[PDB]
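Just the one chain here, the form deposited in one PDB entry, laid out as structure tokens.
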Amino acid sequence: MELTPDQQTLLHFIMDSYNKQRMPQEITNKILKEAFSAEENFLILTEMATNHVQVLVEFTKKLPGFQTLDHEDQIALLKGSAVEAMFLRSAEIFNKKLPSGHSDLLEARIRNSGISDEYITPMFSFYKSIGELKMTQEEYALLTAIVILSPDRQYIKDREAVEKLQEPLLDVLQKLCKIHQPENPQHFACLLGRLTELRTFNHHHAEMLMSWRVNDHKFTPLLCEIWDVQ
């Protein structure tokens, strides 16, 4: 039923680690303040994406047991989850309640940021499907940790070692879904299912960047490593 003292410790630790991120208000205020050209927005995106990866690495290093893993598996986990984690955080930022008309303006600004038409609909469809889950901050934090500690990633040598670390996070998340939404017993399974939708949506991350309506696509060396761009 209830979280154990050890689970409460794990939860507050994950929350404290997760909260070292930029506040959604910092991101949405920037986009809502004024309209920018496609060229300016591409630079805002690359800056934000670089900060997101740097913050993600710090969050990952704090995940209990992560630093006990094989060094090559550590790289495989971070490389395998970095883009999915950015899109999950983007969904969280998009679903944060704002004053009347602001979320509609935010959507319209992002639609006109320079991102190609073919990536627009799948992107906002994913954000709105996440939004329907009505996730709490604890659910986003645990779900991000669960995404990172995915045992089924390509190139992982010791899957069981990763399973052992993901298992207590899944147990805590399941308990919280039962507490936050007792009326909806499908809540937990729905969260897990959206993670598969996140993987599929992530297949074109490199192209979402390369097809941005700008004459030149300049990337930081860290972004090139993470997003598979040159």
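One rule holds for the numbers: they count along the sequence shown, beginning at 1. In this text, rigid core is short for the largest set of C-alphas that superpose within 1.5 Å between two forms.
The same protein also has a form deposited in another entry, omitted here; what follows describes it.
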{"query": "Post core alignment: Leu98 C-alpha displaced by 2 Å or more between the shown form and the other one", "finding": "yes"}
{"query": "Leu165 C-alpha shift between the shown form and the other one of 2 Å or more, rigid core reference", "finding": "no"}
{"query": "Threshold 2 Å Cα movement between the shown form and the other one for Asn112, core superposed", "finding": "yes"}
{"query": "Distance trend in the other form - C-alpha atoms of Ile179 and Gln25, change of 3 Å or more", "finding": "farther"}
{"query": "Direction of C-alpha distance change in the other form, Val53 to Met23 (at least 3 Å)", "finding": "closer"}
